RNA sequence: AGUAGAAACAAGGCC
RNA sequence: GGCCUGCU
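Protein chains in written order, with the working numbering: chain A, 680 to 775; chain Y, 0 to 248; chain V, 3 to 737; chain X, 423 to 1138.
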């Protein structure tokens, strides 16, 4: 019914910025799972985790069904696999 | 040869033989109009309704041996199922357009000579010269005027004998036309249409239209001439006059 | 702000924008089921408007008939059919005096026509009630069936080919003990004297559809074939009479009607001095046909035909004699529904005489109870008055007599009146020195009308000062004003064929521009819309478009094949070159010089299997029933092309017991085609004579083989073969 | 004398002569000598023609009996023995093939050698007078004439005798056989002179038998026979009989004129009852459009693919649920039908090429929604008579309903401008005359005025929907068919665009009569909540299907988006008339052009440009609580176009009746306003005639309210 | 149910 | 289930 394709992951330095996107073909959002930790909510569309407030901004275009996540002021603690949800994407690695 | 042969074939079967024997010549018309088909009360509604069907028109049986049953993609052009009360077969409208793109061709040079009235209208209009439009109230008064601009000063019956002698010289009967105007008209329209093969009936109808005078009552303002009345819709209006001079003058 | 178009009349006079008050852009009302209720209501209403007459029982038909003539004078303004014989005879006498020589002349031309008329003239008519099958059939079919039955019964005077002889046979049939008819389900059935009398005196009732301008539906009638010849002769006399009367407007067209109305109003007002006041009454007659007694028409015609040969008087009197005893078939019947058992049923009207009244509602129950006494053999006697305008012209004659009876020579008073009468409608201009004079004049006119069985509809009539009035949807306001809303329904595809529809549409636009003052820009818009609808109806689009249809492929290949694509007809997917200047030119001739010779030859090919021409009458004549008027025929200019095909027929006869009619049709058409090939003039001039088919055909075969050898293709071998084949068919006809 | 023709002559000739006898219509019993004389003439014609053959030479071959061969040519070919029509047929054919001259009378034979006619006549009198007699009867004749006479003599001009003399000996032997056989009979007391050329007849049309008795029962009450009545009529003369009965007639029979003043006319009463409902076949004021911005033209394209592409342009679909029920049907059926339509639309989207026309499955849902198998089965009366419930069809006056304010607002917004051009006109011949240029400029002005009008959009919607419905009914008579409501417009920027209002499911359409009804179910998207004017949607079922976000300065609205679903029906006549809605444009613009021409007849100049640009002149085209409001000519154009469109949409017998009976009163009121002393004979009757047309149709009730308002504003 | 409105449709008949 | 008709 929906298929979810993520993009924009990779390798970034401390204090840097990275932009994830999710193409979907109700609520949609981004979750992350770090090694040995449970899967946590990052942002959904808005609502935001306290760890990422003032640093990460989610937006949604309903025309193109696309949910961007702008991540600024990145830290080592933000190293995780990031998953889109609407149904789950495959997950995109983010390494700070 | 053929004609008497289908005559004999008809007389072979008892019913047609009886019809031919007991029916007198005078009743010809009656039995020819004898039909179960009622005259349509609302032609537009059914023409808009029938054209949505397949095989909505009718054509002679000969179409089955000039036009293929189907076109390139397989759209059927004609059907072999005959009409209700005739030997004609129901066919699709494509069989018309097909006939206009790959059907047999002929020499249509003589149609201008037959349809004299319409081509004369076209020639008269093609060489016409328009003028300025003047806006002023027009006092349209109703008058009896002749619409046909080619009438040869003959009535319906008066020219009917001429038409028969021109087209059907043998069925004239007693009448031999006395007026010499009719003599010259017969000579001209005989030598002109000597081998035209459109149809005797249409030739007679168009000769009747051309030669016979016809008159109708219309609201006119000025003009009053035969050539100026056919364009009465273009030269005279409610509050405007359009000066016009047909090509003839 | 709320939009309200009617307020537009506060600035534009009513007549200058009357077109807005004609909702002729929607579907007109239609009847759905039986017309029996309307027929019964009309019969009862006609019989109760003449209740005070005298009752009798016909010794021949055994039906009850009501004669109100010379009955008590009306004492109320309700409709009354109590016409007085002496008054109407005096009115006709004054009509003759004011127009000396009218009756004698008209009778002379009518006598000429009657004694030279032929039987085939009866075929030129629409549906007629065939009594051989008790149903409506085309005029030609009914005439043929009646002639066949007469010949089978021994009445063969019609073989003389004269309509007068056919009527002689018809009357002689009235005195026969037992006739025989044919029925298919073939069975030969015997009809006694009375049954045949009632079958010949009966009318078939139907419901009129496509009637705009009233909330309720009406019923109309169609007579048989025995009485149509007398009606034809009587109407010929009445037309010849009315053509000599300027106050009549029935035998003329619309523009002539307007011209005569303008002339009469100008004559009445202009001759009136400053002292005389003038008033116009826009009068409609309530229950016009129901209050006209056929006996009074008999009186009028016998006064008209005074001092004439007795045979002429008899033949012209036969018609009203039969109308006075006319019967009406109740109709199709009544359909019942049972929702508890979920079923429906259709009972024929002939059961109304005996069927119980438990199934009928209160209104229909009372109508049946009131009409039952008049039921004789499934049909109701309708002696008191005419059913539906069969004698239009005689009614117009009576109205014109009333109009002329106030020429100021018979009024004997300062007031006087004139006007124009067309059956069921009239305009009356009355002048008098004072309002009292006008009132007296109108009162006396109304009173005189009530003495002739004619009633004035007070609800649909009004009187104002002269200069503004109405007449048959023609609104006069110091000069007639165009409407254009009456002709709106005629702006679509007529439905004849492609070329015919194109020519008819352009010609209608042209005519409405000439007569109904259609504007130039409006005419161009009408042309554009008509072309759009024409292309969308016949699936013939411009060809350069990608509109996929059932005909878009062949059209597109023809388009790509043609070099000069401007010459293609709109029927074949070509551009439209029509304009205000080209509305009087056929499409073929307008595009003749632009067509490619190959396409031109393929289009206008005589050997095309689509074009079919039957008779000179049906070459380029199209019957378009105009809105708010009787069926009319139009001459349309068109060139015989491959697009002149004729459409498919009904084809539903195959499921009916009347299936053998199609075989007879086919055989008759085969014989007619053979005769035409033998006699080429068969179509243009209908052949005459008393010989039989095969005689003429074989003898002409003899002669034509002879002469076509004396110069032509034939050879001695073939000529002798034809001669001996003629002998063979001769001996075959022997046996 | 007839015994002679019984005895001697062969059958062939006697029946030929009998048919010639019938030809001119005289009877054989009165004078028979003519029969014998002309039958002998015919016999000599045969005996002279037969037994005479020719071959490729001249020099006729004479054989007593024609042998079997192709050589059976006849020397002389007979003229007489035929009807007049055929005799003249042979005459004309011979003249046209032989190039000879046409005689004015009937010849008897034709010959090849001399290529000409023979008129044989054997008279009782001697030849040398009868010859020149018939010669001076025939004008300037080259046809050779030859006659015999009983004495045995022969003669001819040119001294010419055209064949063998033994044949002529035959002729005269036959002749004297005739003569000295009458000798045994004895007929010459009249044989020489028995015919003198009598031609006279009187036409007899006698009334007798039953038809006479009928004539005796079709007279005035106090007459006994047609003879007596005709005698009375012939003896009747005018002696002032109309005056006597006029004086005797009661004076209550009058046509008194009631003056019509400003205070006379009363407002038309409107019926009272439940509010009026919606009758249109599609949403007019509450329609919503899903678009693609494609470059295709109106007819260009394929419906299903365009509809699917337009619907995919919208996001926010929700599971549908009931919002406002039909109140008389089964709303779950409508819900299931909507979901079925969506599912099958996806099914088409999946496969290879979108079909031009799709058929849907006949589930119970649409079986109920389309009214299938609900017509009562037709049976015979003799089998259903004891059923108590069996009665007539319900035939009574329709239910009474009072006017509501929704139709007024619908008409108000039907005359408003739009952001699109809803008319793409066809091509016309290039204008050549100045009048054609004026017409084209006028037409361009009106098109600019009316194209951006909701009335034109309604016209296109109705035309397309009815055309598709009629074509589907005529093609797919049996099987339910899906048709997306499509209308193509052009934006202000000029980009073409498509619009999808919804879908129509056509059902079984075996339409025989013009009144037979085809039922369909219509679904249309909208944003208008049906909870505010429920009485206008009595026959609709409205679901909630999604949410729409249209850009607005108030954040973004995120309005609900509902689906109006209903079961409707039409007929062949209704479809045909709804597919000719474009003539509303005509009606309206003809009215406006008549206005323009009438005003321009005053000032000798075309007045269109200043009317459409300056907008100085205005007409009363509506009333506001402040008073009557006037608008420019363009607003009048749009108002008249909307009036015509609504006439075509809400057409009914009520509309026709009210229009006629209110045009009458409008003419009376106009006469009053013109100071023409109008008068009426029965105004109450006219009022009752008008008021009986107002029953339940919203359009006619709105027209009546408009008429009442016009009366109130008029008469001042 | 629906269309429609003084009576009808919501297929007909034939096997 | 198979076939016929759509103004008769």
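Yeah, the Cβ is synthetic: ideal placement off N, Cα and C, and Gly gets one too.
Indicate whether at least one CB of chain V lies closer than 7 Å to the CB of residue 633/X.
Locating residue 633/X in the fourth chain gives position 211, where the first residue counts as 1. So, interface residue.
From residue 86/V to residue 201/Y, what distance separates their C-alpha atoms?
Numbered from 1 along the third chain, position 84 holds the residue referred to as residue 86/V. Numbered from 1 along the second chain, position 202 holds the residue referred to as residue 201/Y. If you take the alpha carbons of residue 86/V and residue 201/Y, they lie about 55 Å apart.
Name the DSSP bridge partner or partners of residue 281/V?
As a position in the third chain, residue 281/V is number 279, starting the count at 1. Answer is 432/V and 467/V.
Excluding the 5 residues flanking residue 83/V on each side, which residues of the same chain have their C-beta closer than 7 Å to its C-beta?
Sequence index remark: in the third chain, residue 83/V carries index 81 (1-based). So the list reads 51, 52, 70, 293, 295, 386, 387 and 455, once near-sequence residues are dropped.
What residues from chain V crowd round residue 942/X, counting only those whose CB sits closer than 8 Å?
Here the question's residue 942/X lines up with position 520 in the fourth chain. Residues of chain V passing the Cβ test: none, with the nearest at roughly 17 Å.
From the DSSP output, which residues share a beta bridge with residue 690/A?
Here residue 690/A is taken as the residue at index 11 of the first chain, counted from 1. Answer is 774/A.
Do residue 199/V and residue 181/V come within 7 Å of each other at the CB atom, strictly closer than that value?
Sequence index remark: in the third chain, residue 181/V carries index 179 (1-based). Sequence index remark: in the third chain, residue 199/V carries index 197 (1-based). Not a contact, by the Cβ cut-off of 7 Å.
Based on the DSSP secondary-structure assignment, which residues constitute the bridge partners of residue 720/A?
Stepping through the first chain from its first residue, residue 720/A is reached at position 41. The partner list for residue 720/A (beta bridge, DSSP) reads 710/A.
Within the 7 Å Cβ cut-off, does residue 649/V reach chain X?
Counting from 1 along the third chain, the entry for residue 649/V is found at position 647. Chain X, which has no Cβ nearer than 7 Å to the Cβ of residue 649/V, makes this no.
At least 3 beta-carbon pairs within less than 8 Å: the region 368 to 384 of chain V vs the region 34 to 52 of chain V:
With the cut-off at 8 Å, the region 368 to 384 of chain V and the region 34 to 52 of chain V touch.
Cβ-Cβ separation, residue 1023/X to residue 70/Y (assumed contact under 8 Å), whole Å:
To locate residue 70/Y, count along the second chain from 1; it is residue 71. To locate residue 1023/X, count along the fourth chain from 1; it is residue 601. Not really, about 57 Å apart at Cβ, beyond 8 Å.
Mind pulling the chain V residues with CB within less than 7 Å of residue 89/Y?
What you label residue 89/Y is simply residue 90 of the second chain in a count that begins at 1. Under the 7 Å cutoff, chain V gives 650.
Residue closest to residue 2/V, alpha-carbon to alpha-carbon, out of 42/Y, 7/Y and 117/Y:
It is not possible to answer for residue 2/V, since the shown part of chain V is limited to 3 through 737.
So, is residue 464/V buried or exposed, given that buried needs 16 or more other C-beta atoms within 10 angstroms?
Working through the third chain from its first residue, we reach residue 464/V at position 462. Under this definition residue 464/V is a buried residue.
With burial defined as no fewer than 16 other Cβ atoms inside 10 Å of the residue's Cβ, what is the status of residue 493/V: buried or exposed?
Numbered from 1 along the third chain, position 491 holds the residue referred to as residue 493/V. Result: buried.
Three-state secondary structure (DSSP) at residue 968/X?
One-based indexing of the fourth chain puts residue 968/X at position 546. Strand at residue 968/X.
Is the beta carbon of residue 659/V closer than 7 Å to that of residue 187/V?
As a position in the third chain, residue 187/V is number 185, starting the count at 1. As a position in the third chain, residue 659/V is number 657, starting the count at 1. Yes, these two residues count as a Cβ contact at 7 Å.
When burial is assigned at 16 or more other CB atoms within 10 Å of the CB, is residue 527/X buried or exposed?
Counting from 1 along the fourth chain, the entry for residue 527/X is found at position 105. It is exposed - the Cβ of residue 527/X has fewer than 16 other Cβ atoms within 10 Å.
Three-way DSSP call (helix, strand, coil) for residue 15/V in this model:
For this step, residue 15/V is matched to residue 13 along the third chain. Residue 15/V: coil per DSSP, three-state reduction.
Can you give me the Cβ contacts of residue 524/X inside the same chain, cut-off strictly under 6 Å, excluding the 5 residues immediately before and after it?
Looking up residue 524/X in the fourth chain gives position 102. Here the set comprises 517.
At which residues does the alpha helix (DSSP H) containing residue 984/X begin and terminate?
Position 562 of the fourth chain, counted from the start, is the residue given in the question as residue 984/X. Taken as a continuous stretch (DSSP letters only), residue 984/X belongs to no alpha helix (DSSP H), being part of the beta strand (DSSP E) at 981 to 993.
So which residues of chain X does residue 172/Y contact, with C-beta pairs closer than 7 Å?
Within the second chain, residue 172/Y is the residue found at index 173, counting from 1. The contacting residues are 507 and 510.
Coil, strand or helix - residue 635/V by DSSP:
On the third chain, residue 635/V is found 633 positions in, with the first residue counted as 1. In the structure shown, residue 635/V sits in a strand (DSSP, three-state: E or B).
Could you pull out every residue in the same chain whose Cβ sits closer than 6 Å to the Cβ of residue 553/V, ignoring the five residues on either side in sequence?
Position 551 of the third chain holds residue 553/V. Contacts found: 541.
Hey, quick one: how far does the beta strand (DSSP E) through residue 215/Y stretch, first residue to last?
Reading the second chain from its first residue, position 216 is the one you call residue 215/Y. Run containing residue 215/Y: 214 to 219, per the beta strand (DSSP E) assignment.
If you measure between the beta carbons of residue 289/V and residue 81/V, is that distance less than 7 Å?
On the third chain, position 287 is the one that residue 289/V refers to. On the third chain, position 79 is the one that residue 81/V refers to. Taking 7 Å as the Cβ cut-off, residue 289/V and residue 81/V qualify as a contacting pair.
What are the residues that DSSP puts in a beta bridge with residue 1042/X?
One-based indexing of the fourth chain puts residue 1042/X at position 620. Looking at the DSSP assignment, residue 1042/X forms a beta bridge with 1052/X.
Could you pull the start and end residues of the beta strand (DSSP E) that residue 623/V belongs to?
Sequence index remark: in the third chain, residue 623/V carries index 621 (1-based). The continuous beta strand (DSSP E) containing residue 623/V extends over residues 623 to 626.
For residue 653/X, would you say it is in contact with chain Y, using Cβ-to-Cβ distances shorter than 7 Å as the test?
Within the fourth chain, the letter at position 231 stands for residue 653/X. Closer than 7 Å: no.
Consult DSSP for residue 1017/X and reduce its assignment to one of helix, strand or coil.
Sequence index remark: in the fourth chain, residue 1017/X carries index 595 (1-based). Helix, per DSSP.
Any idea what DSSP makes of residue 781/X, helix, strand or coil?
On the fourth chain, residue 781/X is found 359 positions in, with the first residue counted as 1. In the structure shown, residue 781/X sits in a strand (DSSP, three-state: E or B).
Neighbour flag for residue 505/V against chain X, beta carbons, 7 Å
Within the third chain, residue 505/V is the residue found at index 503, counting from 1. With 7 Å as the cut-off, residue 505/V does not count as an interface residue toward chain X.
DSSP on residue 1006/X, reduced to helix/strand/coil?
Counting from 1 along the fourth chain, the entry for residue 1006/X is found at position 584. Reduced to three states, the DSSP call for residue 1006/X is helix.
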